[PDB]
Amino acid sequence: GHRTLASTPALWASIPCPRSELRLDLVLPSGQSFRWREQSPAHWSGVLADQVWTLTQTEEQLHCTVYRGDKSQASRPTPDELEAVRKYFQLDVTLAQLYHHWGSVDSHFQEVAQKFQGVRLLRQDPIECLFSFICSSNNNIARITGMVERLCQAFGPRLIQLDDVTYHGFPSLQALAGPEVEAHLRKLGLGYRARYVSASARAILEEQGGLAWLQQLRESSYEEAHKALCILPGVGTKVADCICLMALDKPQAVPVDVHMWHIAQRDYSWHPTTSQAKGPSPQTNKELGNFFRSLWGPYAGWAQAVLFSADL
């Protein structure tokens, strides 16, 4: 079944990484990616780039193992595979300097940072991110996590089965654009958003050129990327911001919803000023987003991530 470092050490490869730079337990289930579960104490297993991985860490090292199936000899991750993991967690970025900066302009963040170290922003795949946040609202992590799993088990390739868990890759655009998708997804419990999955897949696979379109937004400006995504069915300002931040390399993006409003009110006593509205709205939400961006800087999105992990 699921591997453990202690049970099959010869099948694990390590990546130099202090616990001060990463805390799997605070990142994997914090609402960025919904593809990871701690199937075993301190061991997180999930799907990363069409491959099942299990990850665990020691004080100074992030241990990794990948499952290859019956077509290939079981062996430790190769240098390139490990590099894929490093990019996923964006380890090239020194968290220390970010935490230092955020704390220097925000006493509240400084106090929260003390108990919540190693919170970083994952670099997810565009398609996986886009459709995960479109298939369901995000009011509850447990909820969207179940919906994403149903989405993958319904149109995602079967990768492998460990113990009583069948892992599936993320559905391809062609699979989501296929007929009867909405109907089947609804039968699964998805809801009306099952329509956006199908519609968006078809909109991209066709009217947008296809996969290349998303990969392009990664290089486009945050302003272009966000505006481009909003044309897709089910993609609003908030969802577009998540994708920009989590998958299109736009760290300054700050997804604003009722959750962030609570944080702003509870921890910053923030109040709208540029808008007459006192509660959430297209105008006040943008002002709120700009408030944190101007406060925290170009990586405002990562700072938000730290507060979210702390609030779980």
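Think of the rigid core as the biggest set of C-alphas that the two forms share within 1.5 Å after superposition. Start at 1 and count along the sequence shown; that's the residue number.
Is the larger C-alpha RMS shift in 4 other deposited structures of this protein, relative to this form with the rigid core superposed, found in 125 to 133 or in 159 to 167?
Looking at 159 to 167 and 125 to 133 in 4 other deposited structures of this protein, the bigger mover is 159 to 167.
Of the other PDB entries compared that resolve residues on either side of residue 257, does at least a third omit it?
Comparison shows residue 257 kept in all of the other entries.
Looking across the other entries that model both neighbours, is residue 69 missing in at least a third?
In at least a third of the other entries, residue 69 has no coordinates.
Report the stretch with the higher mean CA temperature factor, choosing between 280 to 288 and 61 to 69 on the basis of the entry.
It is 280 to 288 that shows the higher mean C-alpha B-factor.
Can you let me know which of the two, 105 to 113 or 176 to 184, has the higher average C-alpha B-factor in the entry?
Looking at the recorded C-alpha B-factors, 176 to 184 comes out higher on average.
Can you pull the Cα B-factors for 241, 219, 81, 125 from the entry and say which is highest?
219 has the highest C-alpha B-factor of those listed.
Looking at 119, 160, 235, 152, which has the biggest Cα B factor in the entry?
In this record, 235 carries the highest C-alpha B-factor of the candidates.
Taking the C-alpha B-factors as the PDB entry records them, is residue 137 in the lowest, middle or highest third of its chain?
Tercile = highest for this residue's CA B-factor.
What third of the chain does residue 85 rank in for C-alpha temperature factor, lowest, middle or highest?
Tercile = lowest for this residue's CA B-factor.
Would you mind ranking residue 267 by its C-alpha B-factor against the rest of the chain and naming the third, lowest, middle or highest?
Ranked within chain, residue 267 CA B lands in the lowest tercile.
Please say which third, lowest, middle or highest, residue 19 falls into when its CA temperature factor is compared across its chain.
Highest third, going by the recorded CA B-factors of the chain.
When the deposited Cα B-factors of this chain's modelled residues are ordered and cut into thirds, is residue 40 in the lowest, the middle or the highest one?
CA B-factor rank for residue 40: middle third.
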